[PDB]
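The structure appears right after this line, and notes come after that.
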Number of protein chains: 2
Amino acid sequence: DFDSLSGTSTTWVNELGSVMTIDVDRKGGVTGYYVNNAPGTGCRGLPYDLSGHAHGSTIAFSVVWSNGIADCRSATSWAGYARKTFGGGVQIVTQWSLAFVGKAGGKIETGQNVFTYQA
Amino acid sequence: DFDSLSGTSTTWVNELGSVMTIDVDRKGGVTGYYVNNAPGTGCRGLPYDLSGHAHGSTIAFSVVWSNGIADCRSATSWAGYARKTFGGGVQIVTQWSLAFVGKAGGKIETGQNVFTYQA
Ligand SMILES: O=C(O)CCCC[C@@H]1SC[C@@H]2NC(=O)N[C@@H]21
Ligand SMILES: O=C(O)CCCC[C@@H]1SC[C@@H]2NC(=O)N[C@@H]21
């Protein structure tokens with residue numbers, strides 16, 4: 001569940017080794033910072049503002065990749081559900097969409113990210 | 001350009017006839033309301049809180065379908081870019097990811113919405 005995190009600072013890591021530390025409030029508001037480490041992508045290592053909402057078994061959150069130190073001219077939004085693991089707490093299983101305004105003006109890619117809890 | 005919407009509050013319609021009012025602050029933060037009017041979907045005709053972030057010509061925002069009136073046990077997140085139409089106006093081209101929990105566990109649908117500025 002995501003209500004079972006109300007006012008808790010939680011770090012998570014996905015299969016590409018990106019890390020996010022989200023702050024879920026009482027109401028379900030998510031705030032936090034995301035750190036990208038995915039090979040073949042920009043803005044790796046530095047922290048980016050993250051915001052969205054959690055409720056029950058589902059969550060959605062967003063990161064624009066400008067932090068006033070590296071601008072990738074892009075944005076990522078995740079929608080995902082809670083998958084409980086056999087003694088590994090819960091996971092956030094997601095699909096992302098990354099838009100970028102680069103060379104070919106605008107483009108949009110999609111992929112799967114699975115985020116594992118780290119106490 | 002999305003930076004040019006700082007301190008504005010603008011209205012947008014997608015092809016499904018869903019609506020969003022989006023408040024953009026000085027530092028690019030997006031807050032506002034989504035009203036789903038998409039056929040064959042739940043949580044229709046009701047206002048849901050949306051948050052996100054805009055910068056240059058990219059935007060990302062999400063909506064959990066739980067406002068404490070109607071809860072469809074789902075969450076959507078959008079990412080995309082500002083396009084200038086030949087028509088003369090401006091759209092937000094986006095990919096969305098709908099996460100929901102159903103008959104046998106968590107699921108994730110995906111699709112494309114194009115949002116049109118109402119003046
Ligand atoms: O390279 C960019 O334009 C900004 C960073 C993009 C990294 C993407 S976002 C989706 C995927 N999951 C991650 O953890 N990182 C990559
Ligand atoms: O049916 C649900 O579980 C909640 C409403 C989902 C509506 C989706 S969000 C993506 C797409 N774009 C819209 O404007 N409506 C649908």
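Naming scheme: A, B, ... for chains in displayed order of the structure tokens; residues 1 onward per chain; ligands 1 onward as shown.
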
Next item on the list: Pick out the residues no farther than 6 Å from ligand 1, counting only C-alpha atoms and all ligand atoms, and list them as a VMD selection string.
Entry: chain A and resid 16 18 36 38 41 to 43 65 72 74 76 96 98

Notebook entry, point to check: If we count only C-alpha atoms, what is near residue 23 in chain A at a cut-off of 12 Å, once residues fewer than 3 positions away on the same chain are taken out, given as number ranges by chain?
Noted result: A: 2-3, 5-12, 20, 26-34, 49-54, 61

Next item on the list: Tell me, as a PyMOL selection string, which residues lie within 12 Å of residue 85 in chain A, counting only C-alpha atoms; anything in the same chain fewer than 5 positions away does not count.
Entry: chain A and resi 90-93+115-117

Any idea what's packed within 10 Å of residue 4 in chain A, counting only C-alpha atoms, ignoring anything in its chain fewer than 6 positions away? Could you give it as a PDB file with N, CA and C atoms, in the first residue's frame?
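result.pdb written:
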```pdb
ATOM      1  N   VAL A  24       6.288  11.083   0.894  1.00  0.00           N
ATOM      2  CA  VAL A  24       4.799  10.955   0.859  1.00  0.00           C
ATOM      3  C   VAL A  24       4.237  11.601   2.122  1.00  0.00           C
ATOM      4  N   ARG A  26       0.647  12.986   4.442  1.00  0.00           N
ATOM      5  CA  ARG A  26      -0.585  12.340   4.979  1.00  0.00           C
ATOM      6  C   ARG A  26      -1.606  12.191   3.842  1.00  0.00           C
ATOM      7  N   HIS A  55      -1.890   6.998  -4.003  1.00  0.00           N
ATOM      8  CA  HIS A  55      -3.126   6.556  -3.312  1.00  0.00           C
ATOM      9  C   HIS A  55      -3.336   5.052  -3.487  1.00  0.00           C
ATOM     10  N   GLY A  56      -3.492   4.344  -2.371  1.00  0.00           N
ATOM     11  CA  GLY A  56      -3.733   2.895  -2.339  1.00  0.00           C
ATOM     12  C   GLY A  56      -2.571   2.146  -2.962  1.00  0.00           C
TER      13      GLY A  56
END
```

Check: Would you list which chain A residues are within 8 Å of chain B using only C-alpha atoms, as a VMD selection string?
Finding: chain A and resid 51 to 64 66 73 to 83 94 to 101 106 to 108

Residue 69 in chain B: which residues within 12 Å, counting only C-alpha atoms, same-chain residues fewer than 4 positions away excluded, as a short mmCIF file (atom, residue, chain, number, x, y, z; two decimals) with N, CA and C atoms, in the first residue's frame?
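result_24.cif was written with the following content:
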```
data_model
loop_
_atom_site.label_atom_id
_atom_site.label_comp_id
_atom_site.auth_asym_id
_atom_site.auth_seq_id
_atom_site.Cartn_x
_atom_site.Cartn_y
_atom_site.Cartn_z
N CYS B 43 -14.40 7.65 -13.25
CA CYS B 43 -14.02 8.92 -12.60
C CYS B 43 -14.18 10.06 -13.62
N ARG B 44 -15.36 10.11 -14.24
CA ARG B 44 -15.70 11.01 -15.37
C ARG B 44 -16.43 12.26 -14.82
N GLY B 45 -16.27 13.41 -15.48
CA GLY B 45 -17.00 14.65 -15.15
C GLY B 45 -16.67 15.23 -13.78
N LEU B 46 -15.64 14.72 -13.09
CA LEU B 46 -15.23 15.15 -11.72
C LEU B 46 -13.82 15.74 -11.77
N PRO B 47 -13.53 16.80 -10.97
CA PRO B 47 -12.20 17.42 -10.95
C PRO B 47 -11.18 16.68 -10.07
N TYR B 48 -10.01 16.32 -10.62
CA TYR B 48 -8.89 15.67 -9.87
C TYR B 48 -7.70 16.62 -9.84
N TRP B 65 -6.56 9.03 -9.62
CA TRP B 65 -8.04 9.08 -9.78
C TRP B 65 -8.73 8.83 -8.44
#
```

Next item on the list: Give me every strand (DSSP E) residue in range 11-82 of chain A, going by DSSP on the backbone, as a PyMOL selection string.
Entry: chain A and resi 11-14+19-24+29-35+47-55+58-66+71-82

Note to self: Rounded to one decimal, what separation in Å do you get between CA of residue 102 in chain B and atom 3 (O, counted along the ligand's line) of ligand 2?
What the structure shows: 10.1 Å

Next item on the list: Run DSSP on the backbone of this structure and report the residues of chain B it assigns to helix (DSSP H, G or I), as an MDAnalysis selection string.
Entry: chainID B and resid 2:5

Restricting the output to N, CA and C atoms, write the selected residues as a PDB file, in the first residue's frame.
```
ATOM      1  N   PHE B   2       6.820  27.038 -22.769  1.00  0.00           N
ATOM      2  CA  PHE B   2       6.228  26.817 -21.418  1.00  0.00           C
ATOM      3  C   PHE B   2       6.768  27.811 -20.373  1.00  0.00           C
ATOM      4  N   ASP B   3       8.031  28.231 -20.488  1.00  0.00           N
ATOM      5  CA  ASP B   3       8.587  29.260 -19.565  1.00  0.00           C
ATOM      6  C   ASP B   3       7.680  30.507 -19.669  1.00  0.00           C
ATOM      7  N   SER B   4       7.069  30.770 -20.833  1.00  0.00           N
ATOM      8  CA  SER B   4       6.259  31.989 -21.096  1.00  0.00           C
ATOM      9  C   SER B   4       4.880  31.898 -20.430  1.00  0.00           C
ATOM     10  N   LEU B   5       4.554  30.788 -19.760  1.00  0.00           N
ATOM     11  CA  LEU B   5       3.266  30.604 -19.036  1.00  0.00           C
ATOM     12  C   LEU B   5       3.454  30.831 -17.531  1.00  0.00           C
TER      13      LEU B   5
END
```

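Here the question is which of B:39, B:21, B:103, B:84 gets nearest to ligand 2 using only C-alpha atoms and all ligand atoms, and that residue is B:39.
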
Check: Which residue gives the smallest distance to ligand 2 among B:87, B:25, B:68, B:114, with only C-alpha atoms and all ligand atoms counted?
Finding: B:114

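Of the listed residues (B:13, B:22, B:104, B:119), B:13 comes nearest to ligand 2; the distances count only C-alpha atoms and all ligand atoms.
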
Item checked: Straight-line distance linking atom 14 (O, counted along the ligand's line) of ligand 2 with CA of residue 113 in chain B, stated in Å to one decimal -> 7.1 Å
